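# Reading the structure
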Number of protein chains: 2
Amino acid sequence: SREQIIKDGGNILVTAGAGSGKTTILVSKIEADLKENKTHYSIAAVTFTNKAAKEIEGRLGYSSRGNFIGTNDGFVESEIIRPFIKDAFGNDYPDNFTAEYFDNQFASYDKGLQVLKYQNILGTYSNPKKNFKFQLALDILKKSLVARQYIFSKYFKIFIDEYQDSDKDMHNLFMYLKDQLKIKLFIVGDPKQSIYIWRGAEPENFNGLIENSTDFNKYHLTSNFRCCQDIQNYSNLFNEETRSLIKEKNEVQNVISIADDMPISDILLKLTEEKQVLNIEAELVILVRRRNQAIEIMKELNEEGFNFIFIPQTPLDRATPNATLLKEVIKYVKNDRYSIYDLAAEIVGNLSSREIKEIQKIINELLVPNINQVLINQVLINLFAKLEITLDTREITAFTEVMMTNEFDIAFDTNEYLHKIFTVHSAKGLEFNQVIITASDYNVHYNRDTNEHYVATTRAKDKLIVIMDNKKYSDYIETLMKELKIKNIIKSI
Amino acid sequence: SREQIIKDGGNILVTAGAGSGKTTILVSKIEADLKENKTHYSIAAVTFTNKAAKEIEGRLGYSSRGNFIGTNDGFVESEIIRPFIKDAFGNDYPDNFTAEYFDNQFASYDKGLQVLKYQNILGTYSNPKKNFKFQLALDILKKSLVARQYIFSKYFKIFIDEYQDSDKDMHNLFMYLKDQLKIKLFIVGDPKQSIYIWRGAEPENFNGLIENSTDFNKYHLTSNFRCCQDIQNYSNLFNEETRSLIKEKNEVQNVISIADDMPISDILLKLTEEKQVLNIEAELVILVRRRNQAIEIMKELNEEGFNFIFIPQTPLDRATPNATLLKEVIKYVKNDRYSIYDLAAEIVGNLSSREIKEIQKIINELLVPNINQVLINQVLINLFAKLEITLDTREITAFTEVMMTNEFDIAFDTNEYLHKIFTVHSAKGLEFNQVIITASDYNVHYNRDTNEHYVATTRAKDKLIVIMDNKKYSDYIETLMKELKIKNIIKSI
């Protein structure tokens with residue numbers, strides 16, 4: 001498992017999925033290797049977005065080892081291109097160059113050298129599949145002897161995040177550091193095609209390393225690593241592929257089942273005061289299938305003194321290529337404390353201060369109120385035109401609808417609330433500490449809602465409370481408990 | 001006189017001529033004002049060529065006052081444009097820009113801003129009469145409040161050398177500092193059209209200040225300021241315009257006349273040992289009209305133990321627009337110790353390191369031996385094409401002829417010799433300490449050689465020795481001594 005992962009000191013290839021399993025293990029693996037190694041060598045972690053680089057830097061702590069934590073583009077720029085470009089190509093080339101991602105697309109590698117030599121800027125390649133900065137960095141290393149000496153002397157291992165999005169030119173540099181410079185590589189990626197890719201992503205180079213590489217040591221990560229063992233056993237029994245991984249335990253305490261005989265508010269009081277299996281001071285969230293089921297529970301609790309705020313699923317809450325970025329644009333529009341730098345951190349690459357000012361100009365048109373649906377669509381196209389990303393028609397309408405109304409404001413609110421209620425689709429992504437669900441929502445016999453039920457069960461982190469509303473739900477438990485000869489998988493009050 | 005010049009603390013306009021009178025007074029005026037002023041304000045001296053700026057910095061000494069000594073282009077770049085361009089035009093414009101003089105000519109002021117904003121370089125104007133850097137610097141001062149505050153706070157007086165070569169845009173900035181910022185200006189220039197002009201020179205702006213400016217205080221400099229009073233009196237009596245300025249002295253000791261009765265070498269021994277009016281340890285130089293007259297004197301002295309090296313006038317020794325620069329190109333080719341940076345210092349403006357490497361590439365073709373007359377002409381055109389200067393046909397042939405032969409090598413030699421012999425045209429420029437001439441060379445009755453004789457007399461600095469070979473020469477002295485009632489103007493041995 002994870003203990004076997006961190007012990008390996010060689011080239012490690014990690015398959016990460018379900019989210020957050022990659023980030024926590026990455027930070028723990030980095031800080032553990034820093035404690036083992038006392039020599040002068042440092043580590044280098046590279047992330048596509050600037051937020052992930054800042055997220056890793058905050059958890060690691062002091063970087064007195066000289067460790068580099070930053071963007072993929074910022075790494076090759078500050079460590080390879082800028083220091084040794086004059087050594088590789090002569091004194092004609094500048095080291096005070098400014099890289100602009102959006103401007104100055106060129107057709108050939110020879111053309112881009114002239115933009116850097118004469119126009120004093122570092123422009124991107126026109127083809128999204130070919131990266132000019134990494135082609136330049138790899139070229140500089142082969143031309144410059146000092147460049148190869150410095151990289152070997154500075155870093156002994158390099159950590160790479162989200163490797164499935166790396167392009168071929170970006171992939172060539174990483175393999176060049178491992179094959180020629182003999183630098184250890186810790187690779188984290190998602191083998192599934194998924195929904196999120198960098199504009200020049202090719203999953204085959206990552207998939208090819210899993211199939212034909214003898215140097216790397218392959219590992220895998222559990223999807224529900226953060227969930228406790230008792231919650232994992234209750235979640236995995238509903239899907240046939242997941243039933244094999246769980247192991248039975250002599251005593252089960254985290255998953256509680258209680259039949260709904262008293263009103264909904266009384267069940268909440270019973271679990272909080274009579275058995276104290278749920279703490280009122282800990283965050284508590286309740287699961288529903290539809291928005292109406294959440295409203296009636298929220299209104300029933302306001303009468304009993306319980307205070308709650310309910311997050312609804314927005315039109316943007318849909319598996320689309322630009323869903324993650326579109327939500328961040330909404331968070332910058334809705335919230336005043338959300339800085340433009342926080343929005344730029346979500347954008348791939350380390351944008352310059354001048355490029356940030358141009359993107360800020362496009363979005364400032366959305367900060368004026370009551371300017372109708374047509375202008376919101378053009379600002380959105382103008383925004384994504386600079387990023388060279390086309391926008392889905394339903395993604396545009398979903399973005400527009402959220403901008404018009406204040407209905408989905410708290411779903412993108414920066415503030416955090418202790419007690420909430422969310423829909424199964426509302427928080428498909430984020431995870432909660434303790435969750436209560438009801439059985440009548442999910443049809444378990446024909447597996448229509450088993451995927452929504454599996455998501456519902458995996459959201460809870462410490463304690464999961466299940467209400468046995470449906471007899472067919474309880475029958476599917478008792479039937480499969482006999483197939484697997486499981487005496488206890490649930491704790492009933 | 002000069003004592004009246006340095007005492008004035010206001011705006012001073014100086015008319016300088018005959019050479020070297022401008023540089024010595026400029027350094028003395030600067031260091032004297034630094035001693036008078038104890039406050040934090042500094043001075044700023046600007047010269048067109050980098051050699052003149054380095055020449056002033058060496059004589060001044062320590063610049064702990066923060067005084068700026070450099071090029072006109074380097075002044076507006078480091079003090080106005082680079083610090084306050086972002087304040088004047090916004091954060092879009094860079095402060096790490098690189099100015100290239102030869103590349104990126106543009107037609108309109110708006111076009112050059114885009115080259116600086118996007119292409120990150122500072123290019124020159126296509127029209128030689130219009131300067132873009134000074135148009136940019138003046139524009140930045142009007143746009144930026146801090147820029148005006150810094151210039152007033154830093155400098156209380158600004159010294160300007162060779163003002164007749166300043167263009168109109170360069171002239172507008174200097175007047176803007178005097179009229180708006182109320183900064184004292186010490187201006188040195190030559191009112192005569194002369195032979196040497198910067199490619200965008202307009203003498204009218206300098207001439208216009210002499211005619212219509214009430215703020216400036218006009219002054220004049222003597223042509224033979226370095227020569228002693230006795231030598232000045234002997235030189236000025238031959239030309240009618242010059243006879244009025246000299247004043248008689250009761251005793252004359254510097255100008256010696258001796259009739260040539262003994263051989264030439266014996267006259268040299270007689271003056272050195274019998275009267276000791278010439279020191280063998282001091283530099284001694286003899287004047288002739290033709291090259292044959294110098295050879296026979298040089299050969300006659302080698303027999304008597306006297307050792308001499310004779311500098312001949314080169315084909316480049318001719319009043320042409322590019323004579324000064326062409327000689328420096330020869331000095332870089334002939335001498336190995338003469339650095340390429342010394343050649344770049346003679347070029348107008350502060351050339352960048354990359355621009356220096358391109359000029360060095362063009363001249364390196366002349367360093368190979370025996371490559372005939374045709375290739376020398378093309379390298380010369382290629383050299384001056386970068387400087388945007390056309391070359392006279394006779395200037396090209398004069399440059400070529402010197403390159404072929406080693407005959408004129410010592411005339412451009414970096415080494416310096418104590419005892420020499422030079423032609424009247426050989427050292428029309430440089431001045432010598434003690435000079436001996438002969439009377440038979442100059443026809444004084446019809447004033448054919450009075451200009452060459454006046455040059456001959458003005459070369460000597462401390463002691464001048466005249467040989468009375470011609471009776472017509474001595475008669476013209478005695479005749480004019482009676483017209484002016486001068487009892488003594490010459491010391492006869």
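Its PDB header attributes the entry to X-ray crystallography and lists the resolution as 3.00 Å.

Regarding its fold elements, chain A presents 19 helices and 15 strands. Taking 23 Å as the expected radius of gyration for a compact globule of 493 residues, we find that chain A reaches 26 Å, a close match to that expectation. In terms of overall dimensions, chain A has C-alpha extents of about 80 × 55 × 40 Å along its principal axes. Of all 493 residues assigned to chain A, the portion counted as buried reaches 51%. Restricting to contacts in chain A with at least 6 residues of sequence separation, those with at least 24 account for 75%. Of the roughly 24400 Å² that chain A leaves accessible, carbon and sulfur atoms contribute 48%. Considering chain A, the positive charge centre built from 61 side chains and the negative charge centre built from 69 side chains are found 5 Å apart.

This part is about the relation of the copies chain A and chain B. Mapping chain A onto chain B is achieved by rotating through 180° and translating by 0.0 Å along the same axis, at an RMSD of 0.0 Å. In the structure described here, the two chain copies are related by an operation that fits a two-fold rotation axis. By C-alpha distance to the rotation axis, the residue of chain A lying nearest is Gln119(A), at 2.2 Å.

Take the sheet that holds strand 6 (residues 155–160) of chain B next. All names here are of chain B. One open sheet accounts for six strands, arranged 3-2-6-7-1-8; its pairing is parallel. At either margin of the open sheet sits one strand with a lone partner, and together these are strand 3 (68–71) and strand 8 (217–220). Taken over all neighbouring pairs, the strand axes of this sheet differ in orientation by 15° on average, direction set aside. Each of strand 1 (12–15), strand 2 (42–47), strand 6 and strand 7 (184–189) touches helix 2 (residues 21–36); the most contacted strand, strand 6, lies at about 170° to it. Its contacts with the sheet put helix 9 (residues 203–212) on strand 1, strand 7 and strand 8, and the angle it makes with strand 1 is roughly 115°.

Let us look at the side chain of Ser265(A). On the secondary structure map, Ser265(A) appears in helix 11 (residues 264–274). Excluding residues within four positions of it along the chain, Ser265(A) makes contact with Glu300(A), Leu301(A), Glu304(A) and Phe306(A).

Residue and element names in this part refer to chain A. Residues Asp266, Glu273, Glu274, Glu303 and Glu304 make up a contiguous surface patch of negative charge. Locating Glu273 in the fold gives a position in helix 11. Among the residues examined, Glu273 registers a relative accessible area of 62% and is labelled exposed.

It is worth spelling out empty space enclosed by the protein at this point. Residues and elements named next belong to chain B. In this structure the tally under the stated criterion is five cavities of 30 Å³ or more. Looking at the largest cavity, its volume works out to about 90 Å³. Around the largest cavity, the lining residues are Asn233, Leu237, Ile246, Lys247, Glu248, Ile477, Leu480, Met481, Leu484, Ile486 and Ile489. Considering every element that reaches the lining of the largest cavity, the biggest residue donor is helix 19 (residues 471–483), with three residues. Across the lining of the largest cavity, the residue classes tally to eight nonpolar, one polar and two charged.

Turning our attention to helix 6 (residues 132–143) of chain A. All names here are of chain A. For helix 6, spanning twelve residues, the distance from its first C-alpha to its last is 16 Å, which sits close to the expected 16 Å at 1.5 Å a residue. Counting buried residues in helix 6 gives nine out of twelve residues, a clear majority hidden from the surface. Taken together, the buried positions of helix 6 are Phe132, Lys133, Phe134, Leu136, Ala137, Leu138, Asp139, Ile140 and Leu141. Contact partners of the buried residues in helix 6: helix 4 (72–89), strand 4 (98–100), helix 5 (109–117), strand 5 (121–123), helix 7 (145–154) and helix 8 (168–179). Structurally, the start of helix 6 carries an N-cap: the backbone nitrogen of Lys133 is 3.0 Å from a side-chain oxygen of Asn131.

All names here are of chain B. Applying the stated criterion across every chain, the model contains 46 salt bridges over all chains. Ionic pairing is found between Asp215 and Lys178, a salt bridge with its closest N-O pair at 3.3 Å. Taken together, the residues span a long stretch of sequence, with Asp215 in the loop between helix 9 and strand 8 and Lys178 in helix 8 (residues 168–179) at a distance of 37 residues. Owing to a relative accessible area of 5%, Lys178 belongs among the buried residues under this scheme. For the salt bridge of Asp392 with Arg318, the shortest nitrogen-to-oxygen distance reads 4.0 Å.

This part covers unusual backbone geometry. All names here are of chain A. For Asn104, which is not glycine, the phi torsion reads 65° and is therefore positive. One non-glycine residue, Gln276, adopts positive backbone phi at about 55°. Relative to the helices and strands, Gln276 resides in the loop between helix 11 and strand 10 (284–288).

Here we take up the packing of helix 15 (residues 353–363) of chain A against helix 16 (residues 372–386) of chain A. Residue and element names in this part refer to chain A. At a minimum axis separation of 9 Å, helix 15 and helix 16 run at an interaxial angle of 165°. Classified by the angle between their axes, helix 15 and helix 16 sit roughly antiparallel to one another. Our pair here, helix 15 against helix 16, has a crossing hand that is left-handed. Between helix 15, through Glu358, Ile359, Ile362 and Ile363, and helix 16, the contact on the second element is made entirely by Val379, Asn382, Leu383 and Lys386.

Residues and elements named next belong to chain B. As judged from the four bridges shared by strand 9 (residues 255–258) and strand 14 (residues 460–467), these two strands associate in the parallel manner. Within strand 14, the residue paired with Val255 across the bridge is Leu464. When strand 13 (residues 432–438) meets strand 14, the two strands line up parallel, connected through six bridges. The residue of strand 14 that forms the bridge with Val435 is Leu464.

Contact residues are listed per partner, giving eleven residues for chain A and eleven residues for chain B. Overall, the association of chain A and chain B removes approximately 930 Å² of surface from exposure, summing both partners, and the carbon and sulfur fraction of that is 36%. Broken down residue by residue, the surface that chain A buries against chain B is led by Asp92(A), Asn96(A) and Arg354(A), which jointly contribute 43%. The interface formed by chain A and chain B holds zero salt bridges in total. Put simply, chain A and chain B have five residue pairs in polar contact between them.

Our focus in this paragraph is the packing of helix 16 (residues 372–386) of chain B against helix 17 (residues 393–404) of chain B. Residues and elements named next belong to chain B. In the contact formed by helix 16 and helix 17, the axes pass within 10 Å of each other and the chain directions differ by 125°. As judged from the angle between their axes, helix 16 and helix 17 are oblique. Seen from above, helix 16 lies across helix 17 with right-handed handedness. Together, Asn372, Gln373, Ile376, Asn377, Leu380 and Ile381 of helix 16 and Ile396, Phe399, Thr400, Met403 and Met404 of helix 17 make up the contact between the two elements. Per-class residue counts for the contact of helix 16 with helix 17 are seven nonpolar, four polar and no charged.

As a further point, take the sheet that holds strand 7 (residues 184–189) of chain A. Strand-to-strand pairing in sheets goes through backbone hydrogen bonds, with the strands running parallel or antiparallel. All names here are of chain A. Read across the open sheet, the six strands follow the order 3-2-6-7-1-8; overall the sheet is parallel. Sheet topology places strand 3 (68–71) and strand 8 (217–220) at the edges, where each strand pairs with a single neighbour. Here the strands of the sheet are splayed against their neighbours by 15° on average, with no regard to which way each runs. As defined by bridge partners, strand 1 (residues 12–15) adjoins strand 7 across four bridges and the pair is classed as parallel.

Residues and elements named next belong to chain B. With five of its six residues buried, strand 7 lies for the most part within the structure. Across four bridges, strand 6 lies against strand 7 in parallel orientation. Across the sheet, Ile160 pairs through a bridge with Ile187, a residue of strand 7. Assessed by its sense of winding, the connection that carries the chain from strand 6 through helix 8 to strand 7 is right-handed.

How each quantity is defined
Residues numbered from 1 in each chain as written, not as in the entry; some residues may be left out. Chains lettered and ligands numbered in written order. Part of a larger assembly, values for the part shown. Heavy atoms only, no water. Helix = DSSP H or I, 4+ residues; strand = E, 2+ residues; numbered from the N terminus. Rg over C-alpha atoms; globule rule 2.2 N^0.38 Å. Buried < 20%, exposed > 50% of the residue type's maximum accessible area, 1.4 Å probe, protein only. Contact = heavy atoms within 4.5 Å. Areas by Shrake-Rupley, 256 points an atom, 1.4 Å probe, with all protein chains shown as cover. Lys, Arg positive; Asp, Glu negative; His and termini not counted. Charge placed at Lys NZ, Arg CZ, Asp CG, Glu CD. Least-squares fit on C-alpha atoms. Pairing = 2+ DSSP bridges. Axes fitted to C-alpha atoms, helices over the stretch in contact; angles between N-to-C directions. Patch = residues over 30% accessible without salt bridge, like charges linked within 9 Å, V, L, I, M, F, W, Y side chains within 5 Å. Salt bridge = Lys/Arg side-chain N within 4 Å of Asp/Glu carboxyl O. 1 Å grid on protein atoms, 1.4 Å probe; cavity = no way out; pocket = protein on both sides within 12 Å on 5 of 7 lines; lining within 4 Å. Points joined across faces, edges and corners; volume = space filled by probe spheres on them. Nonpolar A, V, L, I, M, F, W, Y, C, P; charged D, E, K, R; others polar. Expected span 1.5 Å × (residues − 1). Polar contact = N/O pair within 3.5 Å; in protein donor to acceptor, adjacent residues only side chain to side chain. Parallel < 35°, antiparallel > 145°, perpendicular 65-115°, else oblique. Left-handed = near helix turned anticlockwise from the far one by under 90°. Buried area = accessible area lost by both parts, 1.4 Å probe. Right-handed = clockwise from strand over helix to strand, strands pointing away.

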